[PDB]
Engineer: 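Can you keep this structure in mind? I'll have questions shortly.
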Amino acid sequence: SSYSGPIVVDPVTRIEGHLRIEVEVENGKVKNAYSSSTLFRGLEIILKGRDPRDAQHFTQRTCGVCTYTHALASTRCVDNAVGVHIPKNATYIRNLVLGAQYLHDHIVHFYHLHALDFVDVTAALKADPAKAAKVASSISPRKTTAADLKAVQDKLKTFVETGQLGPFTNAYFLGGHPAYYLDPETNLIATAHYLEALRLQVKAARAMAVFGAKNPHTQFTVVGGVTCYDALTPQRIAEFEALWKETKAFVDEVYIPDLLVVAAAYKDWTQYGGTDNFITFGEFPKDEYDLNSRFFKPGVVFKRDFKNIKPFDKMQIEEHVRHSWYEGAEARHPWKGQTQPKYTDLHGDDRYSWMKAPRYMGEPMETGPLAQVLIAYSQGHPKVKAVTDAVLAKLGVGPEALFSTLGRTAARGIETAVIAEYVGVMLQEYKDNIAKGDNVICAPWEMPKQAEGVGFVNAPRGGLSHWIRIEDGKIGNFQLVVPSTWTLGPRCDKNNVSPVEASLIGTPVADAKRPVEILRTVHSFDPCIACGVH
Amino acid sequence: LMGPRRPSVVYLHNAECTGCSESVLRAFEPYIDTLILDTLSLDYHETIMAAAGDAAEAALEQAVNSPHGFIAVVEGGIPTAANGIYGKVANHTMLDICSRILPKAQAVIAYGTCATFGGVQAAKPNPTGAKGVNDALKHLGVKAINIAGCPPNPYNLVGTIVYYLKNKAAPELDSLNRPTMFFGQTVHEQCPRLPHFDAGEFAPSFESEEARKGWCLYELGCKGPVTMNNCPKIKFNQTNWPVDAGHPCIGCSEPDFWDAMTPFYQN
Ligand code: SF4
Ligand code: SF4
Ligand code: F3S
Ligand SMILES: [Mg+2]
């Protein structure tokens with residue numbers, strides 16, 4: 001019964017980008033792994049010799065899923081290099097738009113990219129509506145009637161009976177899989193919520209366009225501040241407030257409750273996908289130059305020792321190329337970095353990815369929701385601690401349980417609920433400041449002939465940082481080191497396995513033809529390949 | 001995945017950032033749920049599909065070989081240099097999969113600036129020799145419908161498919177193969193700040209009083225006069241758009257805009 005041999009999933013779907021996962025399973029458990037990113041664009045090569053002002057417009061196209069993050073990071077990078085101290089209103093508007101991005105991003109992940117590894121949409125068809133509406137109304141204050149759920153069931157059935165299953169075509173769950181646990185009622189509840197979140201996510205993206213110009217790819221940032229004078233008006237702030245309230249309602253009434261249900265039904269997933277070290281850049285600052293003035297603060301942990309949280313030293317991050325398709329094997333710190341393509345083939349000269357391997361003090365680091373939540377929790381953050389204790393409570397699991405695919409999935413939800421309420425506070429502070437008479441959004445600055453700067457952003461997936469070396473007023477060297485590079489990158493010159501390759505070790509696989517378990521851990525990291533390679 | 005009743009659509013991802021896929025996920029009246037369940041049949045789409053690995057490939061092979069044909073929507077540029085080695089899916093070069101699949105499609109739509117004209121990665125020095133669809137496959141007769149933008153306005157995708165489905169032909173294209181109905185005007189002639197421009201009322205900087213008053217952004221780098229798109233009229237997310245948020249247009253729906261329009265803040 002137990003399988004032994006290789007498994008290859010190319011392409012890994014329900015992620016951003018082009019990834020290939022190769023594992024070596026022995027007797028039903030993954031014994032080895034390799035994450036190969038298979039697309040290279042070379043944004044850093046293209047950037048050189050160009051006007052630093054334009055960088056933000058080029059680096060935002062590094063990704064459309066996490067759309068605003070790269071333009072923020074580039075602007076914070078040049079702002080820094082230039083030495084401007086942007087107005088407080090500019091900091092508010094930038095923070096607000098970012099908060100709205102964490103909500104849209106995270107909502108779409110759970111339902112539209114992660115859920116199908118846990119939920120079976122076909123089982124929903126044999127569900128009893130009346131009994132499902134009952135279970136629905138007892139896990140949330142939002143009451144659901146049998147009719148509400150019946151309308152969904154009818155929609156599905158018509159679709160399934162047409163023979164055209166479209167997105168559900170060769171789904172690993174068709175015909176039953178030994179790894180799907182949910183009973184019919186629950187499958188119907190989650191499916192109804194998968195469909196609702198499709199129309200809600202539009203509301204949550206419109207929130208970004210209120211101040212931003214659009215979504216995907218906003219256009220309101222510049223060096224020195226922001227450009228939207230309209231964001232000061234009562235009308236536009238009302239529109240944003242309306243959208244956030246609705247979006248917040250969905251997070252508290254639908255998302256967290258569903259997460260707890262799905263997680264309790266799969267509490268065995270508290271045993272796989274664990275990692276050792278974490279890093280986070282902190283976010284939502286009051287002072288653009290002080291990382292410790294952020295709502296969430298910076299920090300790094302080694303070997304899960306959350307009692308000894310270390311400070312983030314930016315001179316410690318350095319990227320490798322020994323097992324990547326780049327010339328040589330020399331690790332470089334971002335300010336002295338180089339992007340020199342040299343494609344061998346899969347495992348040619350022991351190289352298997354277009355991603356560099358960023359190491360901290362020579363160690364691989366997990367970053368993102370799990371890192372941002374655990375670090376903040378250990379630092380005694382009031383709100384974080386409040387809700388994660390409540391969540392561990394409902395599930396009846398100890399804190400240890402968080403170092404897993406389960407935890408990592410919980411963490412993303414927890415972070416979504418706290419940021420959702422924090423947007424209310426930044427909105428208030430922003431309203432007050434406006435009332436005090438401050439109507440300023442952009443500050444003056446001058447372009448140095450020679451300078452070097454950096455900008456840090458803790459995006460939905462983790463620690464993001466852009467780096468610029470200005471020489472003679474033009475871009476001499478520009479380097480991006482993104483969240484997925486940290487987690488999904490390859491092994492380094494000391495052969496230390498990356499976060500994802502490490503967490504895959506031990507993942508039990510029931511059926512090699514349908515490796516849903518691998519997809520559960522890989523998707524819990526929320527990988528973004530176009531981000532990781534640029 | 002493919003059968004009668006609902007028109008089949010096969011969506012491919014080449015050299016891209018997925019921002020175009022995300023744009024379609026913003027469809028409004030009809031929404032994405034209506035389109036996927038009632039109007040079309042999305043038989044292949046790596047971003048949302050349930051199946052992966054071999055099963056994903058199987059689903060694509062099933063769909064392209066269907067007795068009913070299919071419509072293909074392409075996202076991203078194709079890396080050509082060094083024999084397409086810079087972009088591979090399921091161990092096949094993007095150049096191959098596209099050469100193999102596109103000529104079979106009843107209609108091919110290049111969605112976005114990357115697929116259309118090459119995009120961000122084709123910008124100098126173009127380390128991967130990436131090209132748009134018509135450029136990399138001219139030798140196979142593949143002549144796609146364009147729809148430029150970065151990302152394009154989703155209303156423009158829906159409008160092209162809906163026009164095709166009811167006509168089995170294309171609308172009317174310009175010199176660059178873009179629908180005259182969505183790209184027949186410069187954004188400049190549909191801009192609210194046009195009166196300002198006509199009276200030399202320009203803002204000298206963003207922090208200026210004249211910017212605060214909403215003066216024209218030409219001096220700050222607005223590419224609106226030499227760009228074709230429907231941004232001002234249709235707006236984005238039913239609510240805002242670039243200059244209304246006070247930032248000049250960077251001409252994102254034009255051929256070699258990255259090199260042709262830069263420096264963005266200069267005119
Ligand atoms: S045209 Fe732009 S939004 Fe679309 S995939 Fe290309 S870089 Fe992204
Ligand atoms: S130059 Fe630009 S901001 Fe000005 S009238 Fe034209 S489109 Fe409007
Ligand atoms: S920048 Fe692009 S989105 Fe429109 S306003 Fe200009 S063509
Ligand atoms: Mg880099």
Side-chain angles (χ1 to χ4, degrees), chain A residues 5-12 15 17-25 30-45 318-332 337-359 364 481 484-502 504-505 518 522 527 529-534, chain B residues 13-15 53-54 57 78-100 121 125-130:
Chain A
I7 305 192
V8 176
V9 24
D10 184 340
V12 166
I15 66 156
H18 301 116
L19 211 225
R20 155 187 276 241
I21 295 293
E22 291 176 4
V23 286
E24 288 166 42
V25 37
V30 168
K31 185 183 188 178
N32 198 242
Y34 298 98
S35 17
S36 311
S37 319
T38 66
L39 195 229
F40 178 83
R41 286 183 296 165
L43 269 326
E44 299 157 323
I45 298 190
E318 63 182 40
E319 317 182 285
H320 296 239
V321 297
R322 221 283 76 163
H323 303 284
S324 323
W325 297 315
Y326 295 96
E327 207 100 47
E330 164 163 77
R332 293 298 193 87
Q338 57 194 2
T339 304
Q340 317 180 104
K342 187 201 184 171
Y343 185 78
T344 59
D345 208 287
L346 267 308
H347 306 267
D349 188 28
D350 203 354
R351 306 173 185 251
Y352 60 82
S353 176
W354 279 118
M355 276 196 195
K356 286 142 117 164
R359 293 302 183 254
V481 185
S484 306
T485 323
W486 283 100
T487 46
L488 283 296
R491 307 164 155 70
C492 56
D493 68 27
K494 305 195 81 201
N495 298 301
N496 283 336
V497 285
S498 67
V500 174
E501 304 171 335
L504 256 346
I505 312 293
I518 294 178
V522 177
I529 314 299
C531 265
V533 181
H534 37 282
Chain B
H13 285 293
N14 296 309
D54 302 332
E57 283 200 271
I78 310 171
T80 287
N83 293 136
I85 220 75
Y86 286 113
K88 299 177 151 177
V89 302
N91 228 164
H92 303 314
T93 65
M94 272 158 218
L95 215 203
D96 289 351
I97 107 88
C98 287
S99 298
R100 169 168 81 254
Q121 61 266 304
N126 203 166
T128 65

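Within every chain, numbering begins at 1; the chains are lettered A, B, ... in the order of the sequence lines, protein sequences first and strands thereafter.
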Engineer: What do the steps show when you test A/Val23 against A/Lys31 for side chain to side chain contact (heavy atoms under 4.5 Å, CB included), and what is the final call?
Structural biologist: CA-CA 7 Å; A/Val23 286; A/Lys31 185 183 188 178; over 6 Å; no

Engineer: Mind checking whether B/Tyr86 and A/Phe40 have parallel, tilted or perpendicular rings, split at 30° and 60°?
Structural biologist: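 Aromatic pair B/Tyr86/A/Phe40 classed tilted.
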
Engineer: Flag the pair A/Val522 / A/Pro527 as yes when at least one side-chain heavy-atom distance between them is below 4.5 Å, and no otherwise.
Structural biologist: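 Contact flag for A/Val522/A/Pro527 side chains = yes.
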
Engineer: Are there more than 12 heavy atoms of other residues, nucleotides or ligands under 6.0 Å from atom CG of A/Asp350?
Structural biologist: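 Above 12, so yes.
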
Engineer: Heavy atoms, side chains only, cut-off 4.5 Å: are A/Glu319 and A/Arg332 in contact?
Structural biologist: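 A side-chain contact under 4.5 Å is absent here.
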
Engineer: Under a 4.0 Å N-O cut-off, is there an ion pair linking A/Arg491 with A/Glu501?
Structural biologist: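 Answer for the salt bridge query: yes.
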
Engineer: With distance as the sole test, does A/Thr38 use its side chain to make a donor-acceptor pair with the main-chain N or O of A/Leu19 at under 3.5 Å?
Structural biologist: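 Such a contact is absent between A/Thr38 side chain and A/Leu19 backbone.
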
Engineer: Between B/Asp96 and B/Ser99, is a side-chain hydrogen bond (donor to acceptor under 3.5 Å, both in side chains) present by the stated rule, with each step listed?
Structural biologist: CA-CA 5 Å; B/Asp96 289 351; B/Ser99 298; 5.4 Å; no

Engineer: Whether the side chain of B/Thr128 engages the backbone of B/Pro79 through a donor-acceptor N/O pair (distance < 3.5 Å, no angle test) should be reported.
Structural biologist: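 Not at all, since once roles are kept as given, no pair shorter than 3.5 Å links the two residues.
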
Engineer: Can you confirm whether B/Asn91 sits close enough to A/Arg20 that some side-chain heavy atom of one is under 4.5 Å from a side-chain heavy atom of the other?
Structural biologist: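 Side chain of B/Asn91 against side chain of A/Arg20, heavy atoms only: contact under 4.5 Å found.
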
Engineer: Please name the pair of heavy atoms, one in A/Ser37 and one in A/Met355, separated by the smallest distance, quoted to 0.1 Å.
Structural biologist: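 Distance-wise, the nearest heavy atoms are OG-CG, 3.5 Å.
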
Engineer: Check whether A/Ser324 reaches the backbone of A/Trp354 with its side chain - one donor and one acceptor, N or O, closer than 3.5 Å.
Structural biologist: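 It does not hold such a pair.
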
Engineer: If the test is side-chain hydrogen bond (donor to acceptor under 3.5 Å, both in side chains), which one of A/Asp493, A/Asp349, A/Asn495 qualifies with A/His323?
Structural biologist: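 It is A/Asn495, the one option of A/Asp493, A/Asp349, A/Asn495 that forms the side-chain hydrogen bond (donor to acceptor under 3.5 Å, both in side chains) with A/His323.
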
Engineer: So which atom in B/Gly87 and which in A/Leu39 form the shortest heavy-atom distance, rounded to 0.1 Å?
Structural biologist: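 B/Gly87 and A/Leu39 have their closest heavy atoms at CA-CD2, 4.2 Å.
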
Engineer: With rounding to the nearest 0.5 Å, note down the distance linking CD1 in A/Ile7 to CD in A/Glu22.
Structural biologist: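 Between atom CD1 of A/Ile7 and atom CD of A/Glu22 there are 12.0 Å.
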
Engineer: Could you tell me which non-hydrogen atom of A/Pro358 sits nearest to which non-hydrogen atom of A/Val481, and how far apart they are?
Structural biologist: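 Of all heavy-atom pairs spanning A/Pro358 and A/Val481, the closest is CB-CG1, 4.1 Å.
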
Engineer: Hey, what do you get for OG (A/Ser36) to CD1 (A/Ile21), rounding to the nearest 0.5 Å?
Structural biologist: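 A/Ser36 OG to A/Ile21 CD1: 7.5 Å, rounded to 0.5 Å.
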
Engineer: Is there a donor-acceptor pair closer than 3.5 Å between any side-chain N or O of A/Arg359 and the backbone N or O of A/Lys494?
Structural biologist: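 Pair absent, no side-chain N/O of A/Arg359 close to backbone of A/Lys494.
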
Engineer: Might you work through the side chain to side chain contact (heavy atoms under 4.5 Å, CB included) test for B/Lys88 and B/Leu95, ending with a clear yes or no?
Structural biologist: CA-CA 9 Å; B/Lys88 299 177 151 177; B/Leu95 215 203; over 6 Å; no

Engineer: Tell me, do B/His13 and A/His18 make a side-chain contact under 4.5 Å, heavy atoms counted?
Structural biologist: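 They are in side-chain contact.
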
Engineer: In terms of heavy-atom contacts, does CG of A/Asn496 have more than 12 from other residues, nucleotides or ligands at under 6.0 Å?
Structural biologist: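 Yes.
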
Engineer: Looking at side-chain heavy atoms only, is the closest gap between A/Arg351 and A/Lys342 below 4.5 Å?
Structural biologist: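 The answer is no; the side chains never approach within 4.5 Å.
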
Engineer: For A/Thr344 and A/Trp325: C-alpha separation, side-chain torsions, deciding distance, then whether side-chain hydrogen bond (donor to acceptor under 3.5 Å, both in side chains) applies.
Structural biologist: CA-CA 6 Å; A/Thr344 59; A/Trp325 297 315; 3.1 Å; yes

Engineer: State whether a side-chain donor-acceptor pair under 3.5 Å links A/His534 with B/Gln121.
Structural biologist: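 Their side chains do not contain a donor-acceptor pair, so the 3.5 Å distance test is not met.
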
Engineer: Do B/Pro125 and A/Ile45 have side chains that approach each other closer than 4.5 Å (heavy atoms only, starting at C-beta)?
Structural biologist: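 Answer yes - side chains close enough.
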
Engineer: Without swapping roles, check the side chain of A/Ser498 against the backbone of A/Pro490 for a donor-acceptor pair under 3.5 Å.
Structural biologist: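 It does not hold such a pair.
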
Engineer: A side-chain contact here means heavy atoms from C-beta on lying under 4.5 Å apart; do A/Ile529 and A/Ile15 qualify?
Structural biologist: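 Yes, close enough: below the 4.5 Å cut-off.
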
Engineer: Rounded at 0.5 Å granularity, tell me how far CG in B/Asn14 sits from CE in B/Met94.
Structural biologist: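 The distance works out to 6.0 Å.
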
Engineer: Measure across B/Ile85 and B/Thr93 and return the closest heavy-atom pair with its distance rounded to 0.1 Å.
Structural biologist: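 Shortest heavy-atom contact: N-CG2, 4.3 Å.
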
Engineer: Which atom names give the shortest non-hydrogen contact between A/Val321 and A/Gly328, and what distance separates them?
Structural biologist: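 Where A/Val321 meets A/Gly328 most closely, the heavy atoms are CG2-O, 3.4 Å.
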
Engineer: Please examine the side chains of A/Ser353 and A/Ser35, heavy atoms only from C-beta on, and report whether any two atoms are closer than 4.5 Å.
Structural biologist: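 The answer is no; the side chains never approach within 4.5 Å.
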
Engineer: Heavy atoms only: give me the nearest B/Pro127-A/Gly42 pair and the separation to one decimal.
Structural biologist: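 The answer is CG-O, 4.3 Å.
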
